[PDB]
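Q: sequence first, structure after, both from an experimental entry:
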Amino acid sequence: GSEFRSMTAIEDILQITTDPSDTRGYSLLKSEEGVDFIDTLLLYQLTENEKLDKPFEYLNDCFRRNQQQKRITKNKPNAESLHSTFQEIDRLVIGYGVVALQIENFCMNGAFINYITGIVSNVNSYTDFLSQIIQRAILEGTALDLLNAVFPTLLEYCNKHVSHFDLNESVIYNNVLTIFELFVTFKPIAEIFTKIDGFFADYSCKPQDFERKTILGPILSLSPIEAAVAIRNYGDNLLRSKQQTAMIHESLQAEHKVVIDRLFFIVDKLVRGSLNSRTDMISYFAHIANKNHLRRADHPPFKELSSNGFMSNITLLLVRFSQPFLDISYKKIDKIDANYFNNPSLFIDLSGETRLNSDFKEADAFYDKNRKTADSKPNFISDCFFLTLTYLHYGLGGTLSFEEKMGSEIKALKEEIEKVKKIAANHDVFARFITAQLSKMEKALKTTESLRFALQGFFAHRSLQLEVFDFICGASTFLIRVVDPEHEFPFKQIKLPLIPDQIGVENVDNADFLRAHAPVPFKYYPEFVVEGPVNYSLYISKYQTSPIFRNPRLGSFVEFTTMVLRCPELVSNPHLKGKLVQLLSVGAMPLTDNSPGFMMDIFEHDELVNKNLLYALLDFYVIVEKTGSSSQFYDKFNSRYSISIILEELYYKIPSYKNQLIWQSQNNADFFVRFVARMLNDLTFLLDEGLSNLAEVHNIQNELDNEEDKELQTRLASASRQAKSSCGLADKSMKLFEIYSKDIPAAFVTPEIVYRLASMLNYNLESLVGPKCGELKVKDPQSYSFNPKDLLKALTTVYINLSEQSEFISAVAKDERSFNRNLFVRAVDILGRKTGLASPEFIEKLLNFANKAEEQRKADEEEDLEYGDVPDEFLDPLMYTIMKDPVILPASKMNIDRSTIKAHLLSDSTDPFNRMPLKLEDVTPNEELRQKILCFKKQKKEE
Ligand SMILES: [K+]
């Protein structure tokens, strides 16, 4: 007999008795008065006992005492006699704990919110009981009811019971994450999680509320780039040292790392739950994306879009889900469906999305032609990969464009508060109005300056950024496989060009042709597939801890870039390719020590790169000419500036390319001559538009003596940006002519180049040597890439590098328009003032050339008025005989004797002058010219 040890246990654990004379402060009931009495004491303590304002905390404390009273007893004899009770306590306590989180108004005090509030504040002390409650709910098949009572409620706690649910509230967000982990770890729960009320957004939910009104909202927003977290961590003292600033960057990164790890774990469990769950997971993220495209606008409506912290976290998550399939072995590389866009999109809203090389019509058409294939096919692995590309662009892309602009925002803001800080407000009302205004501005300035530090801390976070770029590289490999006609890459090299090089790009907008011959599925992929990677790559390149620098997978993206820059059919958009070519220029620039750019090794040893890089650059340098957009008609000059930086470096550091160039000019002169023609044409005006602009910059600073002060900015600034771009391209163009004319002099004196070259050179020489450059007054000439001395030295060097080609000295001499010996005399004068020129031997060579030039001119003058009586227009171009039946060639517009072309068309049916196919039928007679000759032969009958 010892059942007294029971009722005494039932009371010390449930903390309740019936007698008023109890020593310890236990609740007391005045109803009736062992084991078969527990359900009664409990039911009472939860529904009729007013002193228990915190019911769930009670049931939890009871359960915990019973577990303590359990481990304490067994280690003794009387043990066996209690087991019966502990058992029934557990069975009912967890049973009501389940009910407390399923039926709303079941207890006499509080509701769901009050209970989970208690749980969040001290999650650890609730863990065990919660575990039991969950198991109980699934064994009974009522887990969803459990979840609809805890997570939708938790959403209310994060939005209403906390000022801000962000990284600041350390204790609170960690506990919330824990109650999330504890739950999703049970698969029976994970496979049902997305069915919870509020997991999806209401149709009328605004994008900025996705992170507030959706179940995964709050925790997915946990990031160091939330304004409140930035102000708190950096706005604190924006004047601290880079050393101290680096410490908080470290703290925030360490903390952010953990956050995405736990977030990944939670989403991973929901994706592994079932096929239904991961599918809803794709629907969930697709919606977040489809409604945030404006995050990529020029002036984004921030208050109507999701935050950078949210979108960026999701981009990171997606990236890890995709990482496995893009590992360096690419063994699972085919799990990703290349025909993903062959049918109407099921998740990612592609309307309005520009394709690589195609329009809507063709896309829809592609959809009809493919309805023959499975209509349904929501393949998760592919969805996730392409969703990652979507977030890379709209999520991260909008976050990086956001901080890329803060510099100008801060500068302009500082000028606004300084302008307002001058106002003298006499009236008290006006004074408050002005101070209020200064208050709003400085309040925004602090947010911006703090957020900028926060954003830089995030992008300098190599660990994370590395994951992002390695995905770009894996994405690259994947895209090259789509393009490769045998879809074998990287297991079998890819063959470039795809379609043979159009010997004569001299066709009517290849647009239609190229598009028609664009790669099968690739031509339909949305443009953000390439723009995302390149916007990102160009952007993080400014950080010292860049993912791109010294990364072993860089080659993949370089290979992809080269492929695009090589086959004009792949991506039509010239603007997009200019970006790529700009990334390459970044990877080609030397350093302080003057060692190879970080991409040079790849350019030299990557097979797919060194086999096409040079030709791609030379070809793209030319194609950007067929561009004409709104504020993008000046990017073809930036593309050329960039292509030029690369050309120069490749030529100095990699003999392999120096040889590819040389070879090119001899084995494919047509292509090579086509490239220097464009460099030549542009060079006839570059220095001129540089001088015109610097002229406008000096006018404006003059008008500033005290028109509309504002417009004189978007103006003056704009003139400087044209001056720097013009003088800069000119400089790189001369260098290239100089750099090449030294090794392949012959290539530049071919008839299609020599006369135009001599003219262009002489024109610039006149400019440099005279009043056009001499009269120009400027601020920091260098700030605009304007070095008239460097230019004059490189120009003069070109002459010297070509001063042994009779054709060139003849061309320079025959240049009526600009040639004049005194120009070289002046040049020799300028170069002989400041120490800068391989002279006086150099000056020796130039002056020599100038002399041969003047001699060649005097001879030509003598030859003309002494040995040429018959006016040149009457002489046949090829026989030099006086024409009897002059006719006009349709293509060349040249006049030639009928007898001559006939003789030519016999073994060659083409225009002797430009090889344009010609037939004798389309030759138009020139009667007016023939009569002038008949008239000449007539008067010539003197004797
Ligand atoms: K938040």
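A: Right, received. Where do you want to start? Numbering: from 1, shown residues only.

Q: please report the distance of residue 69 from the ion.
A: 42 Å (C-beta to the ion, to the nearest Å). To be clear about C-beta, it is placed using only N, CA and C from the backbone, and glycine gets the same treatment.

Q: residues from the chain in reach of the ion?
A: Proximity of the chain to the ion is confined to 165, 166, 221 under the rule C-beta under 5 Å from the ion.

Q: count the neighbours of the residue of the chain found nearest the ion for me.
A: Proximity to the ion, evaluated over the chain using C-beta to the ion, is greatest for residue 221 at 3.9 Å. Here the number of neighbours of residue 221 (other C-beta atoms under 10 Å) works out to 25.

Q: with residue 46 instead?
A: 20.

Q: next: residue 413.
A: Under the neighbour criterion other C-beta under 10 Å, residue 413 is assigned a count of 17.

Q: who are the contact partners of it?
A: 441, 444, 445, 448 (C-beta atoms under 8 Å, 6 or more residues apart in numbering).

Q: with secondary structure and neighbour count added, can I get the residues you listed in JSON lines?
A: Shown next, in JSON lines, are the contacts of residue 413 (DSSP: H, G, I helix; E, B strand; the rest coil; neighbours: other C-beta atoms under 10 Å):
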{"residue": "441", "secondary structure": "helix", "neighbour count": "16"}
{"residue": "444", "secondary structure": "helix", "neighbour count": "15"}
{"residue": "445", "secondary structure": "helix", "neighbour count": "17"}
{"residue": "448", "secondary structure": "helix", "neighbour count": "19"}
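
Q: any idea how far residue 295 is from the residue nearest the centre of the chain?
A: By C-alpha atoms, centre = their mean, the chain has its centre lying nearest to residue 535, at 1.3 Å. Residue 535 sits 12 Å away from residue 295, going by C-beta to C-beta, to the nearest Å.

Q: please, which helix or strand holds the residue nearest to the centre of the chain?
A: Secondary structure assignment for residue 535, by DSSP states H and E: helix 528-540.

Q: grab the nearest non-local neighbour of residue 852.
A: Computed as C-beta to C-beta, 6 or more residues apart in numbering, the closest residue to residue 852 that is not its neighbour in sequence is residue 809, at 5.2 Å.

Q: grab the nearest non-local neighbour of residue 335.
A: residue 381 (4.9 Å).

Q: actually residue 805, not the one I typed
A: Closest to residue 805 by C-beta to C-beta, 6+ apart is residue 749, at 4.3 Å.

Q: so where do the strands sit in this structure?
A: With DSSP state E as the criterion, the chain has strands at 16-17, 27-28, 886-888, 895-897, 924-925.

Q: still on that earlier bit, distance to residue 196 for the residues of the chain next to the ion - can I get that in CSV?
A: Shown next, in CSV, are the residues of the chain next to the ion (distance: C-beta to C-beta, whole Å):
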residue, distance to residue 196
165, 18
166, 23
221, 18
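
Q: tell me which residues touch the residue nearest to residue 852, please.
A: By C-beta under 8 Å, 6+ apart, the contact set of residue 809 is 803, 849, 852, 853, 856.
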